[PDB]
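Visitor: The structure follows.
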Amino acid sequence: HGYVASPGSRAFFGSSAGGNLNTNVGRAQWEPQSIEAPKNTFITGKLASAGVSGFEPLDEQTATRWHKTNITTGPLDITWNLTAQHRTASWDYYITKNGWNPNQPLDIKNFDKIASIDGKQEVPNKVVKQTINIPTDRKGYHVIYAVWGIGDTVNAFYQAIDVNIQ
Ligand SMILES: [Cu+2]
């Protein structure tokens, strides 16, 4: 169990630690760390919730529904906080393509992978800091999809992150 704290994930922003910058987020208000589903679950319109019961409100998609963190292109520091550390296989990051439609359901086919970090089947610290590159053809509102792949289960944790690139 874990979430991306910086830039705050959509779920994290629903919690008091995240400033309640997103409202009406279901279970994310209290447990943004709990978006767990089998690896390679990418159901269109169910990316933000990973299809998990109680997280459905996260799946709404409009240009103005969610709080964005202002960022630039180039290097971006990602910080995870893990409430329950687990042996780790992988960390993968995706971002919406230039030209994507922010008023349509999220579809992984409209994202590119932009980073992949091997967990080496070790147990990470409770705070995990990584640096990824935001491609320079992205401007404005984009969604980063951060995926923590567990090493000793068939599951992963899924974190949609709303950013405004300028
Ligand atoms: Cu866990």
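Following the order of the structure tokens, first chain is A, next is B, and so on, with residues numbered from 1 inside each chain and ligands from 1 in the order they appear.
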Using only C-alpha atoms and all ligand atoms, find each residue with an atom at most 7 Å away from ligand 1 and format the answer as a count of residues only.
Guide: 5
Visitor: Applying 9 Å and only C-alpha atoms, which residues near region 99-104 of chain A remain after dropping the ones on its own chain fewer than 4 positions away? List them as a VMD selection string.
Guide: chain A and resid 45 60 to 64 110 to 111 138 141 to 143
Visitor: Quick one: write out the picked residues with N, CA, C and O atoms as a PDB file, in the first residue's frame?
Guide:
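Written output follows (selection_9.pdb):
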```pdb
ATOM      1  N   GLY A  45     -11.600   4.112 -18.800  1.00  0.00           N
ATOM      2  CA  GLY A  45     -12.526   4.780 -17.896  1.00  0.00           C
ATOM      3  C   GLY A  45     -12.419   4.314 -16.452  1.00  0.00           C
ATOM      4  O   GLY A  45     -13.159   4.795 -15.594  1.00  0.00           O
ATOM      5  N   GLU A  60     -14.102  10.061 -12.936  1.00  0.00           N
ATOM      6  CA  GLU A  60     -14.686  11.172 -13.676  1.00  0.00           C
ATOM      7  C   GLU A  60     -13.542  11.855 -14.418  1.00  0.00           C
ATOM      8  O   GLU A  60     -12.438  11.967 -13.891  1.00  0.00           O
ATOM      9  N   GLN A  61     -13.804  12.281 -15.650  1.00  0.00           N
ATOM     10  CA  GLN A  61     -12.764  12.919 -16.452  1.00  0.00           C
ATOM     11  C   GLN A  61     -13.300  14.153 -17.188  1.00  0.00           C
ATOM     12  O   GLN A  61     -14.070  14.030 -18.131  1.00  0.00           O
ATOM     13  N   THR A  62     -12.916  15.336 -16.725  1.00  0.00           N
ATOM     14  CA  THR A  62     -13.178  16.559 -17.486  1.00  0.00           C
ATOM     15  C   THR A  62     -11.928  17.399 -17.376  1.00  0.00           C
ATOM     16  O   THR A  62     -11.054  17.110 -16.564  1.00  0.00           O
ATOM     17  N   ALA A  63     -11.844  18.461 -18.181  1.00  0.00           N
ATOM     18  CA  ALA A  63     -10.683  19.345 -18.133  1.00  0.00           C
ATOM     19  C   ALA A  63     -10.505  20.065 -16.791  1.00  0.00           C
ATOM     20  O   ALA A  63      -9.394  20.436 -16.436  1.00  0.00           O
ATOM     21  N   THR A  64     -11.605  20.277 -16.053  1.00  0.00           N
ATOM     22  CA  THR A  64     -11.535  21.084 -14.828  1.00  0.00           C
ATOM     23  C   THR A  64     -11.895  20.362 -13.527  1.00  0.00           C
ATOM     24  O   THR A  64     -11.839  20.973 -12.471  1.00  0.00           O
ATOM     25  N   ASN A 110      -3.931   5.913 -25.077  1.00  0.00           N
ATOM     26  CA  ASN A 110      -3.632   7.326 -25.302  1.00  0.00           C
ATOM     27  C   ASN A 110      -2.490   7.883 -24.446  1.00  0.00           C
ATOM     28  O   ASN A 110      -2.276   9.099 -24.366  1.00  0.00           O
ATOM     29  N   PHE A 111      -1.743   6.976 -23.827  1.00  0.00           N
ATOM     30  CA  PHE A 111      -0.552   7.305 -23.019  1.00  0.00           C
ATOM     31  C   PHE A 111       0.678   6.684 -23.674  1.00  0.00           C
ATOM     32  O   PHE A 111       0.578   5.637 -24.325  1.00  0.00           O
ATOM     33  N   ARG A 138       4.722  17.809 -24.515  1.00  0.00           N
ATOM     34  CA  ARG A 138       3.571  17.915 -23.621  1.00  0.00           C
ATOM     35  C   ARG A 138       3.482  19.325 -23.065  1.00  0.00           C
ATOM     36  O   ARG A 138       4.477  19.864 -22.560  1.00  0.00           O
ATOM     37  N   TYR A 141      -2.682  20.538 -19.540  1.00  0.00           N
ATOM     38  CA  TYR A 141      -3.151  19.444 -18.681  1.00  0.00           C
ATOM     39  C   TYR A 141      -2.790  18.084 -19.254  1.00  0.00           C
ATOM     40  O   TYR A 141      -3.172  17.755 -20.372  1.00  0.00           O
ATOM     41  N   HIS A 142      -2.060  17.306 -18.453  1.00  0.00           N
ATOM     42  CA  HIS A 142      -1.762  15.899 -18.740  1.00  0.00           C
ATOM     43  C   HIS A 142      -1.968  15.043 -17.527  1.00  0.00           C
ATOM     44  O   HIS A 142      -1.988  15.536 -16.400  1.00  0.00           O
ATOM     45  N   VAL A 143      -2.131  13.743 -17.764  1.00  0.00           N
ATOM     46  CA  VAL A 143      -2.234  12.779 -16.676  1.00  0.00           C
ATOM     47  C   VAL A 143      -1.006  11.865 -16.725  1.00  0.00           C
ATOM     48  O   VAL A 143      -0.706  11.267 -17.778  1.00  0.00           O
TER      49      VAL A 143
END
```
Visitor: Calculate how many Å separate CA of residue 4 (chain A) from CA of residue 77 (chain A), rounding to one decimal.
Guide: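 Interatomic distance, CA of residue 4 (chain A) to CA of residue 77 (chain A): 10.7 Å.
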Visitor: Of the residues A:26, A:135, A:8, A:151, which is the one nearest to residue 74 (chain A), using only C-alpha atoms?
Guide: A:135
Visitor: For CA of residue 54 (chain A) and CA of residue 116 (chain A), quote the distance in Å rounded to one decimal.
Guide: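 We find that CA of residue 54 (chain A) and CA of residue 116 (chain A) lie 28.8 Å from each other.
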Visitor: Choose the residue, out of A:6, A:22, A:41, A:125, that has the smallest atom-to-atom separation from residue 58 (chain A); count only C-alpha atoms.
Guide: A:22
Visitor: Would you please extract all strand (DSSP E or B) residues from chain A, as assigned by DSSP on the backbone, and give them as a ChimeraX atom specification?
Guide: /A:2-6,8,36-38,69-71,74-82,88-96,111-122,127-134,140-150,155-165
Visitor: For a quick check of understanding, using only C-alpha atoms, which of A:129, A:108, A:121, A:158 has the smallest distance to residue 43 (chain A)?
Guide: A:108
Visitor: Mind pulling up the distance from CA of residue 19 (chain A) to CA of residue 139 (chain A)?
Guide: 25.2 Å
Visitor: Which of these residues is nearest to residue 9 (chain A), using only C-alpha atoms: A:128, A:82, A:89, A:48?
Guide: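 Smallest separation from residue 9 (chain A) among the options: A:48.
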Visitor: Which one is closest to residue 67 (chain A): A:166, A:15, A:23, A:133? Count only C-alpha atoms.
Guide: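 Between A:166, A:15, A:23, A:133, the residue approaching residue 67 (chain A) most closely is A:23.
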Visitor: Applying 10 Å and only C-alpha atoms, which residues near residue 44 (chain A) remain after dropping the ones on its own chain fewer than 6 positions away? List them as an MDAnalysis selection string.
Guide: chainID A and resid 50:51 59 104:109
Visitor: For a quick check of understanding, using only C-alpha atoms, which of A:11, A:90, A:66, A:33 has the smallest distance to residue 160 (chain A)?
Guide: A:11
Visitor: Please identify which residues in region 17-166 of chain A DSSP calls helix (DSSP H, G or I) from the backbone, and express them as a PyMOL selection string.
Guide: chain A and resi 26-29+32-34+56-59+108-110
Visitor: With only C-alpha atoms as the counted atoms, please give the residues lying no more than 8 Å from residue 114 (chain A), apart from itself and same-chain residues fewer than 6 positions off, as a PyMOL selection string.
Guide: chain A and resi 92-95+132-135
